[PDB]
>>> print(open('input-v8.csv').read())   # CSV, C-alpha atoms (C1' of nucleotides)
chain,number,residue,atom,x,y,z
A,1245,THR,CA,16.8,-70.9,1.9
A,1246,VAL,CA,19.0,-73.4,3.7
A,1247,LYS,CA,20.3,-70.5,5.9
A,1248,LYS,CA,16.7,-70.0,7.1
A,1249,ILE,CA,16.0,-73.3,8.9
A,1250,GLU,CA,16.9,-73.0,12.7
A,1251,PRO,CA,17.5,-75.8,15.2
A,1252,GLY,CA,14.6,-76.0,17.7
A,1253,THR,CA,14.8,-77.7,21.2
A,1254,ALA,CA,15.0,-81.3,22.5
A,1255,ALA,CA,11.7,-80.4,24.4
A,1256,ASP,CA,10.1,-79.4,21.0
A,1257,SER,CA,7.1,-81.5,20.0
A,1258,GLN,CA,7.3,-84.6,17.7
A,1259,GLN,CA,5.3,-83.0,14.8
A,1260,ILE,CA,7.6,-79.9,14.3
A,1261,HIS,CA,10.6,-82.4,14.7
A,1262,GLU,CA,9.3,-84.7,11.9
A,1263,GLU,CA,8.3,-81.9,9.5
A,1264,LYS,CA,11.6,-80.0,9.7
A,1265,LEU,CA,13.6,-83.2,9.4
A,1266,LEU,CA,11.7,-84.2,6.2
A,1267,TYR,CA,12.4,-80.5,5.1
A,1268,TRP,CA,16.1,-81.3,5.7
A,1269,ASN,CA,15.5,-84.6,3.8
A,1270,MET,CA,14.2,-82.8,0.6
A,1271,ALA,CA,16.9,-80.2,1.0
A,1272,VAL,CA,19.7,-82.8,1.0
A,1273,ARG,CA,18.0,-84.8,-1.9
A,1274,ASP,CA,17.9,-81.5,-3.9
A,1275,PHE,CA,21.6,-81.0,-3.0
A,1276,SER,CA,22.3,-84.6,-4.2
A,1277,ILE,CA,20.5,-84.1,-7.6
A,1278,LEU,CA,22.1,-80.7,-8.0
A,1279,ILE,CA,25.5,-82.5,-7.6
A,1280,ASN,CA,24.3,-85.2,-10.1
A,1281,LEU,CA,23.7,-82.6,-12.9
A,1282,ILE,CA,27.5,-81.6,-12.8
A,1283,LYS,CA,29.0,-84.9,-14.2
A,1284,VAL,CA,27.8,-84.1,-17.8
A,1285,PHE,CA,28.5,-80.3,-17.7
A,1286,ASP,CA,31.8,-78.4,-18.0
A,1287,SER,CA,33.0,-74.7,-18.4
A,1288,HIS,CA,34.9,-74.1,-15.1
A,1289,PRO,CA,32.6,-71.2,-14.0
A,1290,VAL,CA,30.0,-74.0,-13.4
A,1291,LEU,CA,32.2,-76.2,-11.2
A,1292,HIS,CA,33.7,-73.0,-9.6
A,1293,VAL,CA,30.2,-71.7,-8.5
A,1294,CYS,CA,29.5,-75.3,-7.3
A,1295,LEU,CA,32.7,-75.3,-5.1
A,1296,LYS,CA,31.7,-71.8,-3.9
A,1297,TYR,CA,28.0,-72.3,-2.8
A,1298,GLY,CA,28.0,-76.1,-1.9
A,1299,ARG,CA,30.7,-75.2,0.7
A,1300,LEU,CA,28.4,-72.7,2.5
A,1301,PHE,CA,25.5,-75.3,2.0
A,1302,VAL,CA,27.5,-77.8,4.1
A,1303,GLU,CA,28.4,-74.9,6.6
A,1304,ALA,CA,24.5,-74.5,7.0
A,1305,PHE,CA,24.4,-78.3,7.5
A,1306,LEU,CA,27.0,-77.9,10.3
A,1307,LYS,CA,25.4,-74.9,12.1
A,1308,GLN,CA,21.7,-75.7,11.7
A,1309,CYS,CA,21.2,-79.5,11.1
A,1310,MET,CA,23.5,-81.2,13.6
A,1311,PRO,CA,21.8,-79.6,16.7
A,1312,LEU,CA,18.6,-81.2,15.4
A,1313,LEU,CA,20.6,-84.5,15.0
A,1314,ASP,CA,21.6,-84.0,18.7
A,1315,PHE,CA,18.1,-83.3,19.9
A,1316,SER,CA,16.1,-85.9,18.0
A,1317,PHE,CA,18.3,-89.0,18.0
A,1318,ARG,CA,16.8,-91.5,20.5
A,1319,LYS,CA,13.3,-91.6,19.0
A,1320,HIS,CA,13.8,-90.8,15.2
A,1321,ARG,CA,16.7,-93.3,14.7
A,1322,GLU,CA,15.5,-94.6,11.3
A,1323,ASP,CA,15.0,-91.0,10.1
A,1324,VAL,CA,18.5,-89.8,11.1
A,1325,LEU,CA,20.1,-93.0,9.7
A,1326,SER,CA,18.3,-92.4,6.4
A,1327,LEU,CA,19.5,-88.7,6.5
A,1328,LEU,CA,23.2,-89.9,7.2
A,1329,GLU,CA,23.1,-92.4,4.3
A,1330,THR,CA,21.6,-89.7,2.1
A,1331,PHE,CA,24.5,-87.4,3.1
A,1332,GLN,CA,27.3,-90.1,2.8
A,1333,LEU,CA,26.6,-90.6,-1.0
A,1334,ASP,CA,27.0,-86.8,-1.7
A,1335,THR,CA,30.0,-86.9,0.7
A,1336,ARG,CA,31.7,-89.4,-1.6
A,1337,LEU,CA,30.5,-87.4,-4.6
A,1338,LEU,CA,32.1,-84.2,-3.1
A,1339,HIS,CA,35.3,-86.2,-2.6
A,1340,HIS,CA,35.0,-87.0,-6.4
A,1341,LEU,CA,34.4,-83.2,-7.2
A,1342,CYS,CA,37.5,-82.1,-5.1
A,1343,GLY,CA,39.5,-84.9,-6.9
A,1344,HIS,CA,38.2,-83.6,-10.2
A,1345,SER,CA,39.5,-80.2,-9.1
A,1346,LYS,CA,42.9,-81.6,-8.3
A,1347,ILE,CA,43.3,-83.7,-11.5
A,1348,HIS,CA,42.7,-80.5,-13.8
A,1349,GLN,CA,45.1,-78.2,-11.9
A,1350,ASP,CA,43.0,-74.9,-12.0
A,1351,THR,CA,43.9,-71.9,-9.8
A,1352,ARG,CA,40.3,-70.8,-9.4
A,1353,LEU,CA,39.0,-74.3,-8.3
A,1354,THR,CA,42.0,-75.1,-6.0
A,1355,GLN,CA,41.1,-72.1,-3.7
A,1356,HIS,CA,37.9,-73.6,-2.2
A,1357,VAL,CA,39.0,-77.3,-2.0
A,1358,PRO,CA,40.9,-77.5,1.4
A,1359,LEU,CA,38.2,-75.7,3.5
A,1360,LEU,CA,35.6,-78.1,2.0
A,1361,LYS,CA,38.0,-81.0,2.8
A,1362,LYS,CA,38.4,-80.0,6.5
A,1363,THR,CA,34.6,-79.5,6.8
A,1364,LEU,CA,34.3,-83.1,5.2
A,1365,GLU,CA,36.6,-84.3,8.0
A,1366,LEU,CA,34.5,-82.4,10.6
A,1367,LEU,CA,31.2,-83.8,9.3
A,1368,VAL,CA,32.6,-87.5,9.2
A,1369,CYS,CA,34.1,-87.2,12.7
A,1370,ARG,CA,30.8,-85.7,13.9
A,1371,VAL,CA,29.0,-88.8,12.3
A,1372,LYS,CA,31.4,-90.9,14.4
A,1373,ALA,CA,30.4,-88.7,17.5
A,1374,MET,CA,26.6,-89.2,16.9
A,1375,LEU,CA,27.3,-92.9,16.4
A,1376,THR,CA,28.3,-92.9,20.1
B,1,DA,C1',38.8,-62.1,-33.7
B,2,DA,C1',36.6,-59.1,-30.5
B,3,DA,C1',33.5,-58.2,-26.7
B,4,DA,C1',31.3,-59.2,-22.4
B,5,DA,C1',31.0,-61.3,-17.9
B,6,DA,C1',32.8,-63.0,-13.7
B,7,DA,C1',36.2,-63.8,-10.4
B,8,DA,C1',40.3,-62.7,-7.7
B,9,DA,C1',43.6,-59.5,-5.9
B,10,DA,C1',44.7,-55.1,-4.1
B,11,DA,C1',43.5,-50.8,-1.9
B,12,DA,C1',41.1,-48.1,1.4
B,13,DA,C1',38.3,-47.2,5.2
B,14,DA,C1',36.3,-48.3,9.7
B,15,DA,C1',36.3,-50.3,14.4
C,1,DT,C1',48.1,-48.9,15.8
C,2,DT,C1',46.2,-53.2,13.7
C,3,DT,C1',42.8,-56.1,11.2
C,4,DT,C1',38.8,-57.0,8.4
C,5,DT,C1',35.5,-56.0,4.9
C,6,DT,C1',33.9,-53.9,0.8
C,7,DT,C1',34.6,-51.9,-3.6
C,8,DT,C1',37.1,-51.4,-7.7
C,9,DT,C1',40.0,-52.9,-11.3
C,10,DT,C1',42.2,-56.2,-14.2
C,11,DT,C1',42.7,-60.4,-16.4
C,12,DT,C1',41.0,-64.6,-18.3
C,13,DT,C1',37.7,-67.4,-20.4
C,14,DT,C1',33.7,-68.1,-23.1
C,15,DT,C1',30.5,-66.8,-26.7
C,16,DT,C1',28.9,-64.6,-31.0
>>> encode(input="input-v8.csv", output="structure tokens")
Amino acid sequence: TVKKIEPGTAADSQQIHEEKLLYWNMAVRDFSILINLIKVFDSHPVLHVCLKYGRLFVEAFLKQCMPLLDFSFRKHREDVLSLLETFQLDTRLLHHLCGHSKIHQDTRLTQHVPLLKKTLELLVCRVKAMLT
DNA sequence: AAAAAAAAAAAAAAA
DNA sequence: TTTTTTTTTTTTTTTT
């Protein structure tokens, strides 16, 4: 479902802008609570399918969300700052999940860590870019 | 203690 | 002639 949402235009109207950004908001809040259910659960298939699909989730966040961050920035400043503080808490949580992958030394979990790490560096440097 | 499911690696085929 | 993607197999881990 997160593959489906496309970035519109800067010349797109305010209503479509606000509805798709609140759609992104409930998407990232569902991602955050889906990360929060992992801290009590075990059985490396679980954390492995997490490290699989959360990666392409943040790839969807790269390819579909940040053009909307580029288009609607000047007017919806409070909305995009709420979205970035919503994403920063799951950024630190994904840092914790990759650290949890390193401290257990599993061959299945250690495949999908460094791609997610370099996409974390890409998203934080793009946060620095949209801060400008 | 055995069976099933899932993932990863290797092979093969197509552009 | 070379690279990528899909399919199949094998192993490992979890459950009954």
>>> residues_around(input="input-v8.csv", residues="residue 5 (chain B)", least_positions_apart="3", cutoff="12 Å", atoms="all atoms listed in the file", output="ChimeraX atom specification")
/A:1289 /C:11-15
>>> interface_residues(input="input-v8.csv", of="chain A", to="chain B", cutoff="12 Å", atoms="all atoms listed in the file", output="ChimeraX atom specification")
/A:1288-1290,1292-1293,1296,1351-1353,1355
>>> closest_residue(input="input-v8.csv", among="A:1354, A:1363, A:1287, A:1332", to="chain C", atoms="all atoms listed in the file")
A:1287
>>> atom_distance(input="input-v8.csv", atom1="CA of residue 1356 (chain A)", atom2="CA of residue 1298 (chain A)")
10.2 Å
>>> atom_distance(input="input-v8.csv", atom1="CA of residue 1333 (chain A)", atom2="CA of residue 1276 (chain A)")
8.0 Å
>>> closest_residue(input="input-v8.csv", among="A:1361, A:1344, A:1374, A:1350", to="residue 1325 (chain A)", atoms="all atoms listed in the file")
A:1374
>>> atom_distance(input="input-v8.csv", atom1="CA of residue 1341 (chain A)", atom2="CA of residue 1282 (chain A)")
9.0 Å
>>> residues_around(input="input-v8.csv", residues="residue 1262 (chain A)", least_positions_apart="3", cutoff="12 Å", atoms="all atoms listed in the file", output="PyMOL selection string")
chain A and resi 1252+1256-1259+1265-1269+1312-1313+1315-1317+1319-1324
>>> write_last_selection(input="input-v8.csv", atoms="C-alpha atoms", output="PDB file, in the frame of the given file")
ATOM      1  CA  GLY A1252      14.600 -76.000  17.700  1.00  0.00           C
ATOM      2  CA  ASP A1256      10.100 -79.400  21.000  1.00  0.00           C
ATOM      3  CA  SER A1257       7.100 -81.500  20.000  1.00  0.00           C
ATOM      4  CA  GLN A1258       7.300 -84.600  17.700  1.00  0.00           C
ATOM      5  CA  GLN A1259       5.300 -83.000  14.800  1.00  0.00           C
ATOM      6  CA  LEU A1265      13.600 -83.200   9.400  1.00  0.00           C
ATOM      7  CA  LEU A1266      11.700 -84.200   6.200  1.00  0.00           C
ATOM      8  CA  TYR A1267      12.400 -80.500   5.100  1.00  0.00           C
ATOM      9  CA  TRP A1268      16.100 -81.300   5.700  1.00  0.00           C
ATOM     10  CA  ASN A1269      15.500 -84.600   3.800  1.00  0.00           C
ATOM     11  CA  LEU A1312      18.600 -81.200  15.400  1.00  0.00           C
ATOM     12  CA  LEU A1313      20.600 -84.500  15.000  1.00  0.00           C
ATOM     13  CA  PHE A1315      18.100 -83.300  19.900  1.00  0.00           C
ATOM     14  CA  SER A1316      16.100 -85.900  18.000  1.00  0.00           C
ATOM     15  CA  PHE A1317      18.300 -89.000  18.000  1.00  0.00           C
ATOM     16  CA  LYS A1319      13.300 -91.600  19.000  1.00  0.00           C
ATOM     17  CA  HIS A1320      13.800 -90.800  15.200  1.00  0.00           C
ATOM     18  CA  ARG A1321      16.700 -93.300  14.700  1.00  0.00           C
ATOM     19  CA  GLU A1322      15.500 -94.600  11.300  1.00  0.00           C
ATOM     20  CA  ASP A1323      15.000 -91.000  10.100  1.00  0.00           C
ATOM     21  CA  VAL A1324      18.500 -89.800  11.100  1.00  0.00           C
TER      22      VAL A1324
END
>>> residues_around(input="input-v8.csv", residues="residue 1245 (chain A)", least_positions_apart="6", cutoff="10 Å", atoms="all atoms listed in the file", output="JSON list (two decimals) with C-alpha atoms, in the coordinates of the input")
[["chain", "number", "residue", "atom", "x", "y", "z"],
["A", 1271, "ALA", "CA", 16.90, -80.20, 1.00],
["A", 1301, "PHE", "CA", 25.50, -75.30, 2.00],
["A", 1304, "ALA", "CA", 24.50, -74.50, 7.00]]
>>> closest_residue(input="input-v8.csv", among="A:1373, A:1337, A:1306, A:1286", to="chain C", atoms="all atoms listed in the file")
A:1286
>>> residues_around(input="input-v8.csv", residues="residue 1370 (chain A)", least_positions_apart="3", cutoff="12 Å", atoms="all atoms listed in the file", output="JSON, numbers by chain")
{"A": [1305, 1306, 1309, 1310, 1311, 1313, 1314, 1328, 1363, 1364, 1365, 1366, 1367, 1373, 1374, 1375, 1376]}
>>> closest_residue(input="input-v8.csv", among="A:1347, A:1338, A:1369, A:1360", to="residue 1278 (chain A)", atoms="all atoms listed in the file")
A:1338
>>> decode(input="input-v8.csv", residues="chain B", atoms="N, CA and C atoms (P, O5', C5', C4', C3', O3' and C1' of nucleotides)", output="PDB file, in the first residue's frame")
ATOM      1  P    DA B   1      15.872 -37.357  21.689  1.00  0.00           P
ATOM      2  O5'  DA B   1      15.386 -37.917  20.277  1.00  0.00           O
ATOM      3  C5'  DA B   1      14.305 -38.865  20.189  1.00  0.00           C
ATOM      4  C4'  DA B   1      13.429 -38.597  18.981  1.00  0.00           C
ATOM      5  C3'  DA B   1      14.157 -38.311  17.668  1.00  0.00           C
ATOM      6  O3'  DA B   1      13.385 -38.894  16.617  1.00  0.00           O
ATOM      7  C1'  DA B   1      12.794 -36.463  18.219  1.00  0.00           C
ATOM      8  P    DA B   2      13.996 -39.157  15.155  1.00  0.00           P
ATOM      9  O5'  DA B   2      12.793 -38.743  14.194  1.00  0.00           O
ATOM     10  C5'  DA B   2      11.418 -39.003  14.554  1.00  0.00           C
ATOM     11  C4'  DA B   2      10.488 -37.978  13.940  1.00  0.00           C
ATOM     12  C3'  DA B   2      10.792 -37.596  12.492  1.00  0.00           C
ATOM     13  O3'  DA B   2       9.543 -37.405  11.826  1.00  0.00           O
ATOM     14  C1'  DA B   2      10.828 -35.659  13.823  1.00  0.00           C
ATOM     15  P    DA B   3       9.399 -37.624  10.247  1.00  0.00           P
ATOM     16  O5'  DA B   3       8.304 -36.545   9.825  1.00  0.00           O
ATOM     17  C5'  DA B   3       7.291 -36.061  10.735  1.00  0.00           C
ATOM     18  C4'  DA B   3       6.992 -34.597  10.489  1.00  0.00           C
ATOM     19  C3'  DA B   3       7.197 -34.113   9.053  1.00  0.00           C
ATOM     20  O3'  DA B   3       6.173 -33.165   8.756  1.00  0.00           O
ATOM     21  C1'  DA B   3       8.511 -32.809  10.498  1.00  0.00           C
ATOM     22  P    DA B   4       5.683 -32.922   7.255  1.00  0.00           P
ATOM     23  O5'  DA B   4       5.154 -31.418   7.283  1.00  0.00           O
ATOM     24  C5'  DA B   4       4.749 -30.750   8.503  1.00  0.00           C
ATOM     25  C4'  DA B   4       5.217 -29.310   8.517  1.00  0.00           C
ATOM     26  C3'  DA B   4       5.346 -28.647   7.147  1.00  0.00           C
ATOM     27  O3'  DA B   4       4.964 -27.278   7.280  1.00  0.00           O
ATOM     28  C1'  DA B   4       7.418 -28.540   8.249  1.00  0.00           C
ATOM     29  P    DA B   5       4.156 -26.522   6.125  1.00  0.00           P
ATOM     30  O5'  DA B   5       4.680 -25.023   6.254  1.00  0.00           O
ATOM     31  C5'  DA B   5       4.935 -24.417   7.540  1.00  0.00           C
ATOM     32  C4'  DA B   5       6.138 -23.502   7.474  1.00  0.00           C
ATOM     33  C3'  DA B   5       6.329 -22.760   6.151  1.00  0.00           C
ATOM     34  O3'  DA B   5       6.750 -21.438   6.466  1.00  0.00           O
ATOM     35  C1'  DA B   5       8.295 -23.931   6.671  1.00  0.00           C
ATOM     36  P    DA B   6       6.508 -20.225   5.461  1.00  0.00           P
ATOM     37  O5'  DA B   6       7.530 -19.123   5.997  1.00  0.00           O
ATOM     38  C5'  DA B   6       8.455 -19.393   7.081  1.00  0.00           C
ATOM     39  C4'  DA B   6       9.879 -19.069   6.689  1.00  0.00           C
ATOM     40  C3'  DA B   6      10.054 -18.250   5.410  1.00  0.00           C
ATOM     41  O3'  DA B   6      11.197 -17.414   5.558  1.00  0.00           O
ATOM     42  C1'  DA B   6      11.198 -20.278   5.188  1.00  0.00           C
ATOM     43  P    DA B   7      11.336 -16.066   4.721  1.00  0.00           P
ATOM     44  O5'  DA B   7      12.887 -15.716   4.852  1.00  0.00           O
ATOM     45  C5'  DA B   7      13.733 -16.264   5.895  1.00  0.00           C
ATOM     46  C4'  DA B   7      15.028 -16.808   5.327  1.00  0.00           C
ATOM     47  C3'  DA B   7      15.607 -16.040   4.139  1.00  0.00           C
ATOM     48  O3'  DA B   7      17.040 -16.061   4.212  1.00  0.00           O
ATOM     49  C1'  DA B   7      15.242 -18.258   3.508  1.00  0.00           C
ATOM     50  P    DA B   8      17.917 -14.766   3.837  1.00  0.00           P
ATOM     51  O5'  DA B   8      19.358 -15.355   3.498  1.00  0.00           O
ATOM     52  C5'  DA B   8      19.857 -16.580   4.074  1.00  0.00           C
ATOM     53  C4'  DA B   8      20.511 -17.437   3.011  1.00  0.00           C
ATOM     54  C3'  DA B   8      21.138 -16.674   1.844  1.00  0.00           C
ATOM     55  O3'  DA B   8      22.279 -17.402   1.400  1.00  0.00           O
ATOM     56  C1'  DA B   8      19.562 -18.176   1.008  1.00  0.00           C
ATOM     57  P    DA B   9      23.655 -16.671   1.101  1.00  0.00           P
ATOM     58  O5'  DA B   9      24.447 -17.765   0.252  1.00  0.00           O
ATOM     59  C5'  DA B   9      24.321 -19.180   0.526  1.00  0.00           C
ATOM     60  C4'  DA B   9      24.173 -19.979  -0.752  1.00  0.00           C
ATOM     61  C3'  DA B   9      24.872 -19.405  -1.985  1.00  0.00           C
ATOM     62  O3'  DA B   9      25.454 -20.486  -2.707  1.00  0.00           O
ATOM     63  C1'  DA B   9      22.608 -19.770  -2.476  1.00  0.00           C
ATOM     64  P    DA B  10      26.734 -20.272  -3.637  1.00  0.00           P
ATOM     65  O5'  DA B  10      26.587 -21.437  -4.716  1.00  0.00           O
ATOM     66  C5'  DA B  10      25.770 -22.609  -4.480  1.00  0.00           C
ATOM     67  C4'  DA B  10      24.961 -22.975  -5.706  1.00  0.00           C
ATOM     68  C3'  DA B  10      25.571 -22.574  -7.050  1.00  0.00           C
ATOM     69  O3'  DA B  10      25.339 -23.637  -7.975  1.00  0.00           O
ATOM     70  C1'  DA B  10      23.402 -21.676  -6.876  1.00  0.00           C
ATOM     71  P    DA B  11      26.246 -23.819  -9.278  1.00  0.00           P
ATOM     72  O5'  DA B  11      25.183 -24.248 -10.387  1.00  0.00           O
ATOM     73  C5'  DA B  11      24.063 -25.114 -10.083  1.00  0.00           C
ATOM     74  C4'  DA B  11      22.895 -24.839 -11.007  1.00  0.00           C
ATOM     75  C3'  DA B  11      23.265 -24.525 -12.454  1.00  0.00           C
ATOM     76  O3'  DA B  11      22.291 -25.117 -13.317  1.00  0.00           O
ATOM     77  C1'  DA B  11      22.015 -22.735 -11.567  1.00  0.00           C
ATOM     78  P    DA B  12      22.660 -25.539 -14.818  1.00  0.00           P
ATOM     79  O5'  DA B  12      21.371 -25.119 -15.658  1.00  0.00           O
ATOM     80  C5'  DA B  12      20.067 -24.932 -15.062  1.00  0.00           C
ATOM     81  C4'  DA B  12      19.305 -23.821 -15.754  1.00  0.00           C
ATOM     82  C3'  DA B  12      19.769 -23.471 -17.168  1.00  0.00           C
ATOM     83  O3'  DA B  12      18.643 -23.058 -17.937  1.00  0.00           O
ATOM     84  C1'  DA B  12      19.905 -21.571 -15.821  1.00  0.00           C
ATOM     85  P    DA B  13      18.620 -23.252 -19.518  1.00  0.00           P
ATOM     86  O5'  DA B  13      17.315 -22.453 -19.972  1.00  0.00           O
ATOM     87  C5'  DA B  13      16.369 -21.883 -19.035  1.00  0.00           C
ATOM     88  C4'  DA B  13      16.210 -20.392 -19.253  1.00  0.00           C
ATOM     89  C3'  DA B  13      16.471 -19.897 -20.676  1.00  0.00           C
ATOM     90  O3'  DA B  13      15.565 -18.835 -20.980  1.00  0.00           O
ATOM     91  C1'  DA B  13      17.869 -18.753 -19.197  1.00  0.00           C
ATOM     92  P    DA B  14      15.004 -18.651 -22.464  1.00  0.00           P
ATOM     93  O5'  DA B  14      14.697 -17.089 -22.555  1.00  0.00           O
ATOM     94  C5'  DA B  14      14.103 -16.345 -21.469  1.00  0.00           C
ATOM     95  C4'  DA B  14      14.681 -14.947 -21.405  1.00  0.00           C
ATOM     96  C3'  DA B  14      14.939 -14.281 -22.760  1.00  0.00           C
ATOM     97  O3'  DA B  14      14.609 -12.891 -22.718  1.00  0.00           O
ATOM     98  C1'  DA B  14      16.939 -14.353 -21.516  1.00  0.00           C
ATOM     99  P    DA B  15      13.979 -12.162 -23.999  1.00  0.00           P
ATOM    100  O5'  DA B  15      14.700 -10.743 -24.000  1.00  0.00           O
ATOM    101  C5'  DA B  15      14.663  -9.884 -22.852  1.00  0.00           C
ATOM    102  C4'  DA B  15      15.972  -9.140 -22.734  1.00  0.00           C
ATOM    103  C3'  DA B  15      16.384  -8.343 -23.977  1.00  0.00           C
ATOM    104  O3'  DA B  15      16.677  -6.986 -23.637  1.00  0.00           O
ATOM    105  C1'  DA B  15      18.166  -9.710 -23.219  1.00  0.00           C
TER     106       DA B  15
END
